[PDB]
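Everything on this sheet refers to the single structure shown next.
Only this structure's heavy atoms are used, side chains among them; waters, hydrogens and symmetry mates stay out. In the text below, chain A, chain B and the rest are named by the order of the sequence lines, each starting its count at 1.
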Amino acid sequence: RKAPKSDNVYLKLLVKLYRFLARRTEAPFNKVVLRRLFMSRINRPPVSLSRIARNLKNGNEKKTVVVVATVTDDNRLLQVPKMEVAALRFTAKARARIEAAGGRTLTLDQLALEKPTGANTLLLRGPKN
Amino acid sequence: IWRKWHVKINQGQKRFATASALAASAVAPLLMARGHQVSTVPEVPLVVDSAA
Amino acid sequence: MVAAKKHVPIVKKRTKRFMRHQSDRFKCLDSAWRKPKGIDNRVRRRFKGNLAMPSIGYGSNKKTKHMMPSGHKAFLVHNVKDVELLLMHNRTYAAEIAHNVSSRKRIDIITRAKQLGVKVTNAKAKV
Amino acid sequence: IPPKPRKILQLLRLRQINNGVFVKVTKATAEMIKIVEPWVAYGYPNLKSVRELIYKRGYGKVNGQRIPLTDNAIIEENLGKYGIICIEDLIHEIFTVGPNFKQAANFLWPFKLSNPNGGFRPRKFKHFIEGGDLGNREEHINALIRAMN
Amino acid sequence: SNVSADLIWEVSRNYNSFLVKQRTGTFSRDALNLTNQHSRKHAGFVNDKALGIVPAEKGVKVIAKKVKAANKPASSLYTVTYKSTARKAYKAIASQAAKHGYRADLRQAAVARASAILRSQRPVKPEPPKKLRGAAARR
Amino acid sequence: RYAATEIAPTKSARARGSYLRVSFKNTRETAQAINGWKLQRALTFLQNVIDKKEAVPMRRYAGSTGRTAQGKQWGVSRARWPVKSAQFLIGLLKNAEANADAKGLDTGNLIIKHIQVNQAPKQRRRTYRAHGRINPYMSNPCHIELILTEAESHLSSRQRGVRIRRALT
RNA sequence: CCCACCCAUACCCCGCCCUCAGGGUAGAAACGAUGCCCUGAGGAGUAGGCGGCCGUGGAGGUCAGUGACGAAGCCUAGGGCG
RNA sequence: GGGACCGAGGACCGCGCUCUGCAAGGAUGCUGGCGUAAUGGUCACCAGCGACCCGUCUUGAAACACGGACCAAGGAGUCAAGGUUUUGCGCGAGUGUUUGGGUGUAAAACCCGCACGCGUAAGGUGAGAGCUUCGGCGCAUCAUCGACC
RNA sequence: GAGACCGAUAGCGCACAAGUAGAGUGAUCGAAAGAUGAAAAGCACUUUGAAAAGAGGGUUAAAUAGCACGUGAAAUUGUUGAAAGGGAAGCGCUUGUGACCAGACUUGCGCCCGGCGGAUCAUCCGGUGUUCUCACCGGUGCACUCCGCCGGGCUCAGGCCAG
């Protein structure tokens with residue numbers, strides 16, 4: 001794909017930023033993020049707070065969590081650990097619960113500033129099935 | 001006469017659009033791009049005293 | 001000024017039009033091109049000695065497209081404000097006053113265009 | 001054309017008419033050509049034929065593109081890992097069939113030759129030994145190459 | 001923030017009140033547009049730093065944007081009228097466009113616009129009489 | 001309005017008739033017979049047609065038309081005597097002659113410069129036919145107009161050099 | 001049996017059009033980036049599928065748009081663009 | 001040595017050579033006539049070569065058959081309900097104001113109290129995108145052994 | 001009271017003396033058909049004609065608006081102008097003839113002299129505005145500096161077809 005199917009102006013800016021990064025860097029992280037900005041919404045399933053909490057259980061703490069999707073809230077999780085999450089969108093409850101725990105929420109353009117090469121990052125995807 | 005003349009729009013999207021319209025009204029370049037003669041007025045979000 | 005920018009020679013691959021099939025025979029059929037949809041018509045099958053079919057092969061050079069023989073590109077103009085839009089394009093564009101512009105407004109457009117050095121395609125209509 | 005000769009011509013990169021390729025003689029390759037005899041004329045080229053084919057009609061397959069061989073840097077960038085760094089190394093590889101003939105020949109885009117100057121023969125679709133143009137001419141392919149170049 | 005030159009271009013690239021569209025090209029009526037062409041380089045109202053030249057009674061009137069007054073239109077344009085020699089006008093305009101990092105890409109375009117206005121202010125030569133040919137000449 | 005608009009009305013005399021109940025085809029042929037003639041010659045000819053002394057040639061509308069020796073003057077065999085058409089043409093020629101007298105022209109020098117016959121809106125009359133059909137008998141009227149008028153170098157250097165030498169010698 | 005010659009849209013070289021594919025383009029002297037530049041290949045086409053563009057009636061905003069010094073419409077062995 | 005067709009690009013950069021330079025990543029130099037219907041273009045006609053009348057239907061295909069005197073205007077996959085797939089948008093374990101009520105510059109726009117429709121109330125091993133402090137960590141998904149109801 | 005409706009083959013069959021004219025024994029069936037001009041100012045008068053009308057003359061901004069009335073396409077027809085035509089015409093490629101035409105060009109740029117006509121010449125000082133180092137106003141700068149014109153010389157670039 002060359003042009004995203006979305007009509008969002010800010011999504012076009014994100015694509016333009018990461019198209020520049022993918023061309024001028026050798027990081028496969030930037031190519032994955034760029035290609036995920038192009039795909040459809042059904043191809044970008046939501047990632048819940050429970051799923052991200054599972055994936056940093058072992059040793060992936062103090063890392064940057066990056067999903068090119070919307071981050072949702074889960075009522076099954078009673079305690080939310082401190083984490084660094086960057087995503088396309090956050091729900092009102094998921095953003096509040098992350099900030100209440102003590103973590104920080106980022107956008108994809110802030111991620112480019114902080115981690116232009118995807119260093120120390122945990123990249124996840126939602127359940128396709 | 002049964003032709004679905006009216007359109008159902010989510011109240012969330014209606015309020016999103018109004019917020020975007022208000023924000024664009026504070027942007028000086030967009031005022032000129034829409035045909036408004038904004039050259040002799042200061043403070044594009046022009047606030048006049050309620051006493052006047 | 002009157003002289004246009006230096007350009008490659010203007011070539012036209014085909015000069016005559018693409019007449020519609022059997023439009024020479026019927027008055028109801030206009031000469032405007034229509035693609036024949038029949039399965040046995042010899043125009044569609046490209047038999048020799050028949051009318052040609054328009055195609056992208058006849059496409060004119062990109063560097064010479066939309067240029068009149070003088071080497072300018074026509075820009076339709078309705079008032080004096082339109083010719084000042086051409087101030088930066090003396091050598092690349094020419095002014096074409098619209099068919100509904102009055103006689104007195106035409107004099108103003110031509111007077112301004114001469115000041116700007118912009119060529120007018122129809123400067124002698126109502127003179 | 002029957003399906004069997006069609007596949008061989010695709011495998012020999014003989015897609016259009018007057019396309020020429022270099023093949024090293026081998027029982028694996030000899031039998032392939034013997035099946036496409038009613039469509040090909042082949043023989044043994046000399047040094048002049050190899051030299052003028054590469055110099056005048058030599059194009060390389062660089063990243064899937066047909067790039068003319070106008071400089072030694074083109075050959076070295078694509079065939080320098082085998083020891084071929086110039087135009088004469090490429091000719092030497094093809095003429096004196098060396099260890100890297102497969103890489104040198106496949107690098108060479110199939111040659112696009114003109115129709116012969118002087119014609120083929122009164123009847124060109126008979127075997128060469130019957131007065132035609134098809135089959136093995138052996139050292140007579142050089143005279144044909146001069147006409148098509 | 002949410003508003004930038006990149007956003008205003010995205011909002012206003014396809015349609016504007018300044019846009020003129022025909023078959024032979026797209027023009028712009030923006031007063032801060034040096035070449036009157038629709039492009040991000042030349043869209044004055046989009047850009048934070050931009051230039052524009054308009055004729056005066058004698059000379060040129062150059063307007064530049066003030067970055068610290070983007071929300072005050074009445075005090076957002078730095079206006080200089082050049083009524084001296086043509087060469088002095090070109091020197092100031094080019095220095096205005098390049099000596100401090102204020103749209104050095106528009107240096108050549110700005111000087112050309114000043115030249116065209118000064119040339120257009122010159123007296124006009126009378127056109128030669130029209131010559132008839134062939135059938136028209138014989139009638 | 002008139003069709004021949006290149007004639008100044010001050011130097012000419014004109015006459016006109018509209019919705020005239022005569023055969024269009026017959027009137028067209030007899031108008032063509034007197035085209036370009038003198039006024040007095042046409043008047044004598046049109047009278048002779050009524051008395052069957054001269055015949056009007058049928059050029060275009062002559063399908064299955066008889067032959068006479070009076071057509072030999074025109075070079076055709078098919079000629080006829082449109083009496084009704086001649087009478088209408090006589091009246092218009094007399095009227096145009098009267099208009100010429102009022103203006104002051106010379107009637108002995110007038111020629112028929114322009115004569116035209118056009119078609120009028122058709123009239124209708126239904127006749128009775130067998131097998132359940134009613135046949136129409138549409139008439140064919142015509143318009144007539146006529147006007148009377150008085151009878152009355154960029155040579156090359158080689159080309160220039162050659163011409164100078166030839167002029168000297 | 002031998003020599004030369006004739007010509008297909010077929011083969012070779014060059015120009016132009018379009019499509020596809022592969023590359024470049026920001027401490028921006030910077031861009032209809034939906035753009036521009038470089039290289040290579042390809043071009044019949046019914047049913048069918050996808051994309052762009054043209055035209056008509058009406059609506060919103062916009063061109064401080066055109067017009068009795070003449071809108072629209074109609075005629076044109078008068079031109080320009082595609 | 002004698003002809004023919006062509007001159008694409010537009011500051012420099014490269015490979016090079018016979019180096020005060022050059023035929024080396026694409027034409028320059030000198031000269032003449034004319035500067036107007038002269039080149040060029042549109043029509044009509046003559047001339048040389050070329051060229052079946054369209055559509056429908058049937059059939060492997062033709063042929064037959066059917067419709068066609070001419071022109072202008074009109075003229076045929078639309079609307080509604082219910083399913084369903086894909087794209088964009090909002091919110092997201094929730095979502096849906098517009099039956100209704102309350103304002104209004106009054107069929108617009110703005111707001112929402114109670115129900116209601118649809119949905120919801122944690123392992124081992126091998127691959128595997130992507131990170132890496134080079135030791136390893138491992139999304140989604142698949143294969144296998146699981147665990148629970 | 002309104003319309004993102006239709007605009008005289010549309011919209012109700014009916015924008016008009018329309019459920020009328022007309023058809024059928026009857027029940028019933030059922031059309032076509034709007035527009036001169038701001039104002040009739042709807043052509044006095046003269047002449048030819050039996051008349052219908054025609055021609056002058058006149059009203060009018062217009063009769064190229066005369067109640068066969070806004071604008072007035074095509075099929076079809078007349079006249080005039082041009083051309084072609086030994087059992088079809090029409091169509092494609094390429095010249096030629098004849099008629100008819102759109103462009104292009106008319107000079108610009110820059111140097112060297114001479115005659116001028118005028119102080120927005122460089123610098124410095126004050127004020128102001130800005131992109132904070134760049135400008136603009138006022139003064140100084142009253143002439144080998146600067147700006148426009150005119151008269152010469154020269155360079156370069158300029159249209160078409162060619163060698």
**North or south sugar for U56(G) (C1'-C2'-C3'-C4' positive means north)** = north
**Asked** OP1, OP2 of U79(I) versus side-chain N and O of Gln32(F): anything below 4.0 Å?
**Response** yes
**Request:** Name the nucleic acid region contacted by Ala98(F), choosing base, sugar-phosphate or nothing; use a 4.0 angstrom heavy-atom cut-off, strictly under.
**Result:** sugar-phosphate
**Asked** Has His99(C) got a side-chain N or O lying under 4.0 Å from the OP1 or OP2 atom of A71(G)?
**Response** no
**Request:** Could you work out which one of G78(I), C53(H), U34(G) sits closest to the side chain of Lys12(A)?
**Result:** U34(G)
**Request:** Return no unless some side-chain N or O of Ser60(C) is found under 4.0 Å from OP1 or OP2 of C16(G).
**Result:** no
Please tabulate, for the side chains in residues 54-63 of chain C, all donor-acceptor contacts under 3.5 angstrom to protein atoms that are two or more places apart in sequence or on a different chain.
residue	atom	partner	partner atom	Å
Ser55(C)	OG	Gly57(C)	N	3.4
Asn61(C)	OD1	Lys63(C)	N	3.2

Could I get a table of every N or O pair under 3.5 Å where one atom is in the protein and the other is in nucleotides 6-11 of chain H?
residue	atom	partner	partner atom	Å
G9(H)	OP1	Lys63(C)	NZ	2.8

**Prompt:** Going by atom types only, do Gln116(F) and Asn118(F) share a side-chain donor-acceptor pair under 3.5 Å?
**Reply:** yes
Check the interface with nucleotides 72-80 of chain H: list each N/O to N/O pair with the protein under 3.5 Å, or write none.
residue	atom	partner	partner atom	Å
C79(H)	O2'	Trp2(B)	O	3.2
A80(H)	OP1	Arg3(B)	O	2.8

**Request:** Taking only the side-chain heavy atoms of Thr70(A) (C-beta and beyond), determine which of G138(H), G92(H), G56(I) contains the nearest atom.
**Result:** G92(H)
**Prompt:** Below 4.0 angstrom from OP1 or OP2 of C54(H), is there any side-chain N or O of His21(C)?
**Reply:** yes
**Item:** Protein-to-nucleotide contact annotation, 5' to 3' order, nucleotides 105-117 of chain H [B base; S sugar-phosphate only; - none; under 4.0 Å, heavy atom]
**Value:** -----SSS-----
**Asked** In terms of side-chain heavy atoms of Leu123(A), which of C134(I), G130(H), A72(G) is nearest?
**Response** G130(H)
**Message:** Quick check for you: among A55(I), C134(I), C139(H), whose closest atom lies nearest to any side-chain atom of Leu124(A)?
**Reply:** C139(H)
**Message:** Of the listed nucleotides (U120(I), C137(H), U66(G)), which one gets closest to any side-chain atom of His78(C)?
**Reply:** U66(G)
**Message:** According to a cutoff of under 5.5 Å between the ring centres and under 30° between the ring planes, does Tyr102(E) stack with the base of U131(I)?
**Reply:** yes
**Distance below 4.0 Å between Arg13(E) side-chain N/O and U34(G) OP1 or OP2** = yes
**Asked** Counting just side-chain N and O atoms, does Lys119(C) come under 4.0 Å of either OP1 or OP2 of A104(I)?
**Response** yes
**Request:** Give every residue pair that meets the side chain to side chain donor-acceptor pair (under 3.5 Å) criterion with at least one member in residues 125-137 of chain E, sequence neighbours excluded.
**Result:** none
**Request:** Give a yes/no verdict on base stacking between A68(I) and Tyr19(F): centres under 5.5 Å, planes within less than 30° of parallel.
**Result:** yes
**Prompt:** Going by the sign of the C1'-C2'-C3'-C4' torsion, is the sugar of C64(H) north or south?
**Reply:** north
**Message:** If a pair means Watson-Crick or G-U wobble with both distances below 3.5 Å, are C74(G) and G49(G) one?
**Reply:** no
**Message:** Check this for me: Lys66(E), atom NZ, are more than 12 non-hydrogen atoms of other residues, nucleotides or ligands nearer than 6.0 Å?
**Reply:** yes
**Request:** Mark yes or no for a side-chain to base donor-acceptor pair under 3.5 Å between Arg41(A) and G90(H), with no hydrogen or angle criteria applied.
**Result:** yes
**Item:** Adjacent bases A21(I), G22(I) meet stacking criteria of 5.5 Å and 30°
**Value:** yes
**Request:** Answer yes or no: side-chain N or O of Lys131(E) and base N or O of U106(I) forming a donor-acceptor pair under 3.5 Å.
**Result:** yes
**Prompt:** For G67(G), does OP1 or OP2 lie under 4.0 Å from any side-chain N or O of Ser102(C)?
**Reply:** yes
**Item:** Qualifying side chain to side chain donor-acceptor pair (under 3.5 Å) pairs with a residue from residues 66-79 of chain C, counting only residues at least two apart or across chains
**Value:** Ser70(C)-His72(C), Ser70(C)-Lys119(C)
**Asked** Does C131(H) have OP1 or OP2 sitting under 4.0 Å from an N or O in the side chain of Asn60(A)?
**Response** no
**Request:** Would you check if the distance from the ring center of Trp9(E) to the ring center of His38(E) is below 6.0 Å?
**Result:** yes
**Prompt:** Between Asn43(A) and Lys128(A), do the side chains contain an N or O donor and an N or O acceptor separated by less than 3.5 Å?
**Reply:** yes
**Prompt:** Closer than 4.0 Å, any side-chain N/O of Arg66(D) to the OP1 or OP2 of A41(G)?
**Reply:** yes
**Expected output: side-chain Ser18(F) to main-chain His143(F) donor-acceptor under 3.5 Å** = no
**Request:** Measure from the side-chain heavy atoms of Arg25(C) to groove base atoms and call it, major or minor, using under 5.0 Å.
**Result:** minor
**Message:** Rounding to an integer number of Å, can you tell me how far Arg29(E) CZ sits from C63(G) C1'?
**Reply:** 6 Å
**Message:** Need the pair for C142(H). Rule: Watson-Crick or G-U wobble, both distances under 3.5 Å, any strand; none if unpaired.
**Reply:** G126(H)
**Asked** Do both conditions hold for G104(H) and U105(H), namely six-membered ring centres separated by less than 5.5 Å and ring planes inclined at less than 30°?
**Response** no
**Message:** Donor-acceptor pair, distance only, cut-off 3.5 Å: does the side chain of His114(F) make one with the backbone of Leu148(F)?
**Reply:** no
**Item:** Minimum-distance nucleotide to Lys83(E) side chain [options: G103(I), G67(G), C137(I)]
**Value:** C137(I)
